[PDB]
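> Got a structure for you, questions after.
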Amino acid sequence: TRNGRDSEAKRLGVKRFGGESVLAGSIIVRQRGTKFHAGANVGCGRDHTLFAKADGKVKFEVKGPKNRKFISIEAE
Amino acid sequence: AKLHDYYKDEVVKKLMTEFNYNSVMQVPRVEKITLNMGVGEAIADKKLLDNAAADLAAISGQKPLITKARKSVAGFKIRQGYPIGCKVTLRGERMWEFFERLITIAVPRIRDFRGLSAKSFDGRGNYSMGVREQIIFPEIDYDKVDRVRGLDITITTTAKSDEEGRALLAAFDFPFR
Amino acid sequence: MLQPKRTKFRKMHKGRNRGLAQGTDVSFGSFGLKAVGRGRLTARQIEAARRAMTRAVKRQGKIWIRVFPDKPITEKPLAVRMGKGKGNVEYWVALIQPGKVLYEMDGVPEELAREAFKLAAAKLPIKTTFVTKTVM
Amino acid sequence: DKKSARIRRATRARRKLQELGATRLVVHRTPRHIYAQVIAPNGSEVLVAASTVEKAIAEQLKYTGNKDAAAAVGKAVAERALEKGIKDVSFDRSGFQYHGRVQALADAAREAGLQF
Amino acid sequence: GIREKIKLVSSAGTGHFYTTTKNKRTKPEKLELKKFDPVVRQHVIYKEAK
RNA sequence: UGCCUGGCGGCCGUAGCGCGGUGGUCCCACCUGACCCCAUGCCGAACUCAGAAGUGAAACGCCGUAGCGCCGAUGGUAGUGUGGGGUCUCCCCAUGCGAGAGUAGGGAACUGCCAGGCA
RNA sequence: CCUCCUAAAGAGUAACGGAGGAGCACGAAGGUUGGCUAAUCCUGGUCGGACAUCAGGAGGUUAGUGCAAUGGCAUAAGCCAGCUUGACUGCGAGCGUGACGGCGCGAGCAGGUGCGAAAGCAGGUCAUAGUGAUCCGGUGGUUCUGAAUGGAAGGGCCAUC
RNA sequence: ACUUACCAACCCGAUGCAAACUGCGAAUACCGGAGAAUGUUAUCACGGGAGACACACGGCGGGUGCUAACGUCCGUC
Ligand SMILES: [Mg+2]
Ligand SMILES: [Mg+2]
Ligand SMILES: [Mg+2]
């Protein structure tokens with residue numbers, strides 16, 4: 001019934017994959033909820049956007065007793 | 001604490017030999033008696049809510065919390081977080097003194113009284129009951145009444161079965177069924 | 001007529017009919033009717049083929065329907081241009097793969113099973129064959 | 001449950017100090033005794049540990065756990081910490097209130113000269 | 001619309017003001033907030049919420 | 001060094017649940033008392049104080065048990081990149097990678113620092 | 001303008017394709033500190049039934065989140081109380097996303113505060129919609145300009161309608 | 001206080017289906033790093049001048065249409 005609307009697709013997804021050396025302040029994954037969680041040297045933004053807090057490589061880990069995914073940054 | 005001393009002297013040694021426990025701490029014991037009053041009618045008029053508070057605080061000896069409602073549904077005509085009842089939980093010295101005043105003056109002066117029900121257990125060893133026509137309570141005067149009110153006397157017991165809950169009241173002598 | 005009583009959404013895309021079937025063995029009765037070809041079974045075809053066998057296998061035994069349509073097909077009516085949104089739902093179809101057991105029957109002789117399944121194979125738009133329950 | 005409600009209460013304060021990489025001072029309270037441990041930021045090893053179940057502390061105490069005992073063992077951990085020099089540890093209340101022996105163990109260690 | 005605009009005026013000598021919105025229909029009470037005045041470089045009393 | 005117990009972790013169900021048995025010198029748990037420090041959106045239940053009369057019940061720790069959760073091959077099947085072909089709505093052939101589910105089976109965790117008790 | 005799918009396991013991706021929703025609300029529904037754990041069902045029972053409120057047990061987030069939908073949420077972002085105003089100002093490395101105009105995230109520093117004992121946290125709200133570029137003026141502040149000079153008018157700057 | 005040739009929720013076992021179901025899970029594609037070979041820099045930045053913004057069909061992955069169209073709208077070649 002009277003359909004036919006669609007919004008601008010927000011540019012989500014992973015912007016910095018694992019093994020990439022990023023700068024301090026770079027955006028790794030743009031996301032709505034906590035699909036990915038903050039870990040070592042990774043800050044969580046206001047809109048749950050995970051960013052870098054230190055210069056290093058992106059490391060994906062699955063830790064915790066609830067089997068949740070994490071993003072950590074090891075020193076290069 | 002007349003029945004608290006009566007508990008340690010008579011009730012503990014009675015259940016020690018009846019159900020042959022290996023530890024003396026395996027005895028059933030009372031934890032709390034939650035004096036409740038679900039007034040309910042306070043959607044229309046709020047003056048019966050304040051009167052219910054003072055009547056439940058006359059049966060007990062301390063101030064209650066006006067209880068907020070559980071979950072807002074439309075078919076039951078209640079709102080989320082709505083003041084609709086009041087309760088008092090008694091633990092310690094207030095618990096033993098009220099339990100004596102319950103069984104010897106309030107319970108026998110019930111008209112048409114034949115006995116409580118010996119099967120009014122929850123399934124794990126706790127007993128809930130009510131007593132009718134609250135004039136039987138000596139605190140409420142007959143001139144200060146507004147309407148018949150409510151009360152849910154529940155005996156919280158650390159026992160693991162209903163049979164252990166039966167024998168604990170037997171030492172409190174619970175007049176009979 | 002076999003159709004869903006309630007769906008979360010009214011319309012559904014066209015899709016494809018690729019892949020192999022999963023309804024391989026008879027697990028309710030002893031006799032079955034297995035599809036050989038590939039295609040779609042509409043709501044009228046499933047209803048008519050149930051009526052086609054039931055006439056000859058009179059009221060004893062038991063018949064199962066192993067499939068369910070769960071897929072609507074819309075049509076655009078005559079003298080209507082293309083566009084103007086998707087058309088209205090007309091009939092329900094079922095995606096059928098080669099190897100799907102469609103029709104089952106139990107409590108009948110084997111000779112009676114050969115007759116009724118032959119009478120129901122003509123109403124189906126795809127080729128079928130006769131199968132029998134194998135254990136394990 | 002009694003114990004598991006204490007664990008989930010502290011868990012927000014536990015993992016917050018893990019995100020900062022600081023050394024935390026956890027406490028365990030008992031009607032009998034009381035515990036206090038200085039833990040490395042990895043969490044798998046400790047550096048300063050002194051309790052009231054040790055006979056060195058319980059001799060000077062009338063009862064094993066009270067506000068006087070938490071002042072004794074609060075100093076005792078803090079005196080062993082200054083001999084090691086961990087010097088600005090963090091304080092983990094570990095699910096208890098900051099009102100009683102948890103406060104008494106903390107204020108005694110503040111008096112010795114630790115930075116928290 | 002229904003939502004009106006107000007200006008939080010500093011109680012000090014400076015005439016610096018912030019802006020915000022309040023509901024005049026159900027909340028006629030004057031707002032009381034402490035905000036940073038960048039002229040006097042302190043936190044001061046803000047008043048006059050219409 | 002062994003045994004037992006506590007604390008914080010690594011790990012995140014081969015670490016869970018249920019059933020059966022067992023532990024109190026120490027430990028922990030309940031328990032005792034509470035005018036008070038305080039606490040309750042009522043309530044010494046929780047919170048928290050002061051004590052040790054009592055006890056291994058509830059809970060917790062350990063051992064045992066395959067009812068359940070979970071882990072999980074080998075082979076095979078579905079699918080697919082590239083190329084080729086057919087009866088071209090679909091499928092096959094050459095080569096590369098390999099499921100899901102299910103079966104055999106595994107499985108009643110393992111490990112680090114430190115403290116206490118016993119020998 | 002927002003949400004999901006179409007979208008073919010990165011992003012992007014059309015149609016008079018399929019389903020909705022927004023032109024706000026909020027001084028607490030914000031910040032911080034301290035606490036708290038539902039949905040459903042069994043049994044028990046002065047008024048009391050289908051529900052008024054409870055007790056224990058089963059169950060362990062299927063509940064809830066100012067609303068559309070998805071992705072989140074137990075350390076709870078859910079709920080309650082105390083104290084409050086960081087819904088701070090001047091800045092901002094670095095980054096996402098755009099043809100462009102622009103939009104969005106962002107630690108940290110300087111100044112002065114709120115809460116907590118403290119480590120710390122706070123530049124709005126679980127996130128993603130709640131919006132109108134410019135010209136033209138209105139209001140407040142700032143000697144910046146002042147068509148001979150000294151003012152003033154007007155304009156600009158900043159705040160705002 | 002019980003039951004009958006009655007209707008029947010939840011739960012349990014067996015069995016399917018779903019672009020807007022996922023307790024599971026590829027092929028390749030994509031992102032980053034290292035390495036050899038090969039390719040007239042094929043790449044990026046910047047400057048001068050454009051044209052083009054009506055695309056077609058075929059294979060494949062689809063929406064729509066009748067798994068009609070030398071039909072239409074995308075992705076890819
Ligand atoms: Mg206690
Ligand atoms: Mg036991
Ligand atoms: Mg497998």
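> Quick one: compute the contact order of chain C, relative version, from alpha carbon pairs under 8 angstrom and 6+ residues apart, as a percent.
Details: 238 pairs, mean separation 59.3, N = 136.
Normalised by residue count, the contact order of chain C is 44 percent.
> May I pose another question? Towards the positive end of the charge dipole of the protein assembly as shown, with charges on Cβ (+1 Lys, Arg; -1 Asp, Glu), say which of B:126, B:168, D:44 has the farthest Cα.
Sorting the options by dipole projection puts first D:44.
> Which of these, B:147, B:101, B:109, has the largest mean-square fluctuation under a Gaussian network model of chain B (Cα springs below 10 Å)?
For chain B, modelled as a Gaussian network with Cα springs under 10 Å, the answer is B:147.
> Please report the Cα spread of chain D along all three principal axes, rounded to whole Å, starting with the longest.
Principal-axis extents of chain D (Cα, largest first): 39, 38, 23 Å.
> So how strong a dipole does the protein assembly as shown carry about its Cα centre when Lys and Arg Cβ are +1 and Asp and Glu Cβ are -1, to the nearest 20 debye?
On the way: 112 positive and 59 negative charges, 826 e Å.
In total the dipole reaches around 3960 debye.
> If you don't mind, another one. Please list 3J(HN,Hα) in residue order for segment C:58-73, calculated via the Karplus relation 6.51 cos²θ - 1.76 cosθ + 1.60 where θ = phi - 60°; whole Hz, with x for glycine and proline.
3, 5, 7, x, 7, 10, 10, 10, 7, 10, 7, x, 6, 7, x, 10
> Within the set C:11/C:62; B:32/D:2; A:35/C:86; A:69/B:71; D:16/D:87; A:10/C:14, which residue pairs have Cα atoms separated by over 23 Å? Kindly include the intermediate steps, with their values, before the conclusion.
On the way: C:11/C:62 34 Å; B:32/D:2 17 Å; A:35/C:86 35 Å; A:69/B:71 34 Å; D:16/D:87 20 Å; A:10/C:14 28 Å.
The answer is C:11/C:62; A:35/C:86; A:69/B:71; A:10/C:14.
> Still on this model: State, as an integer percentage, the relative contact order of chain E based on alpha-carbon contacts under 8 Å between residues 6 or more apart.
Details: 87 pairs, mean separation 20.0, N = 50.
RCO, chain E: 40 percent.
> Now for a separate question. Cα centroid distance between segment D:57-98 and segment C:26-85, in Å?
Result: 79 Å between the Cα centres.
> Where does chain B land on the Kirkwood hydrodynamic radius, alpha-carbon pairs, in angstrom? Kindly include the intermediate steps, with their values, before the conclusion.
Details: mean 1/r = 0.0557 Å⁻¹.
Computed over chain B, the radius equals 18.0 Å.
> Based on the alpha-carbon gyration tensor of chain E and its eigenvalue square roots a ≥ b ≥ c, which shape applies: rounded if a/c is under 1.5, prolate if not and a/b is larger than b/c, or oblate?
Details: a/c = 2.99, a/b = 2.31, b/c = 1.29.
Prolate, since a/c reaches 1.5 and a/b exceeds b/c.
> Next question, about the same structure. Could you please state, rounded to a whole Å, how far the C-alpha centre of segment B:59-84 is from the C-alpha centre of segment B:109-177?
The two parts, judged by their Cα centres, are 23 Å apart.
> Which whole-Hz ³J(HN,Hα) couplings does segment B:62-73 yield from phi under the Karplus relation 6.51 cos²θ - 1.76 cosθ + 1.60, θ = phi - 60°, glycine and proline marked x?
Whole-Hz 3J(HN,Hα) from phi for segment B:62-73: 7, 7, x, 9, 6, 8, 7, 5, 6, 8, 5, 10.
> Now for a different question. Between rounded, prolate and oblate, where does segment B:18-99 land on the alpha carbon gyration tensor, with a ≥ b ≥ c its root eigenvalues, rounded for a/c under 1.5, else prolate if a/b exceeds b/c? Mind dumping the intermediate values first?
Numbers: a/c = 4.18, a/b = 1.97, b/c = 2.12.
Verdict is oblate for segment B:18-99.
> With a ≥ b ≥ c the root eigenvalues of the C-alpha gyration tensor of segment D:1-43, is it rounded (a/c under 1.5), prolate (a/b larger than b/c) or oblate? Present the calculation step by step, with values, prior to reporting the outcome.
On the way: a/c = 3.71, a/b = 1.37, b/c = 2.70.
It is oblate, given that a/c is not under 1.5 and a/b is not larger than b/c.
> For residue C:34, which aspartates and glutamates qualify as cross-link partners when the Cα separation must be under 13 Å and same-chain residues fewer than eight apart are set aside?
C:25, C:104
> Just to confirm the filter: which trypsin sites (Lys or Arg not before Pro) across segment C:104-133 are DSSP coil and have at most 13 other Cβ within 10 angstrom of their Cβ?
Taking segment C:104-133 and a limit of 13 other Cβ atoms within 10 Å, the loop trypsin sites (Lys or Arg not before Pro) found are C:127.
> Could you give the semi-axes, largest first, of the ellipsoid that matches chain A, computed as the square roots of 5 times the alpha carbon gyration tensor eigenvalues and rounded to whole Å? Could the numbers behind the result be given before it?
On the way: eigenvalues 154, 46, 20 Å².
After diagonalising the Cα gyration tensor, the semi-axes are 28, 15, 10 Å.
> How far is it, in nm, from the label point at residue B:1 to the one at residue B:100 when both lie 7 Å from their Cα along the line to the Cβ?
1.2
> Moving to a separate point now. Using a Gaussian network for chain B with springs between C-alpha atoms less than 10 Å apart, which of these wobbles most: B:76, B:137, B:19?
Between B:76, B:137, B:19, it is B:76 that shows the largest mean-square fluctuation.
> Further question on the same structure: P(r) for segment B:78-149, please, calculated from all Cα pair distances in 10 Å bins and given in %.
It works out to 14, 36, 38, 12, 0, in whole percents.
> Using a basic spin-label model with each label point 7 Å from the Cα along Cα→Cβ, how many nm lie between residue B:122 and residue A:27?
5.3
> Moving on. Using modelled backbone amide H atoms (1.01 Å from N, in-plane), which distant-in-sequence or interchain residues come within less than 5 Å of residue C:91's amide H?
Residues meeting the amide H criterion: C:73.
> Out of B:92, B:130, B:75, any idea which swings most in a Gaussian network model of chain B, alpha carbons joined below 10 Å?
Among B:92, B:130, B:75, the largest GNM mean-square fluctuation belongs to B:75.
> Calculated from DSSP H runs of 4 or more alone, at -39500 (n - 2.57) each and per residue, what is the 222 nm mean residue ellipticity of the protein assembly as shown, nearest 500?
-6500 deg cm²/dmol
> Shifting gears a bit: Evaluated at 37 °C with a viscosity of 0.692 mPa s, what Stokes-Einstein diffusion coefficient in µm²/s does the protein assembly as shown have when Rh comes from the Kirkwood expression over alpha-carbon pairs? Please report the intermediate quantities before stating the final value.
On the way: Rh = 34.6 Å.
Calculated translational D: 95 µm²/s.
> Based on alpha-carbon atoms only, what is the radius of gyration of segment C:22-136 relative to the globular estimate 2.2 N^0.38 Å? Walk me through the numbers on the way to the answer.
Numbers: Rg = 16.6 Å, N = 115, 2.2 N^0.38 = 13.4 Å.
Dividing the Cα Rg of segment C:22-136 by 2.2 N^0.38 Å gives 1.24.
Only the coordinates and a few stated rules stand behind these numbers; no lab work does. Quick reminder, even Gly has a Cβ in these numbers, built from the backbone with ideal geometry, and neighbours come from all protein chains shown.
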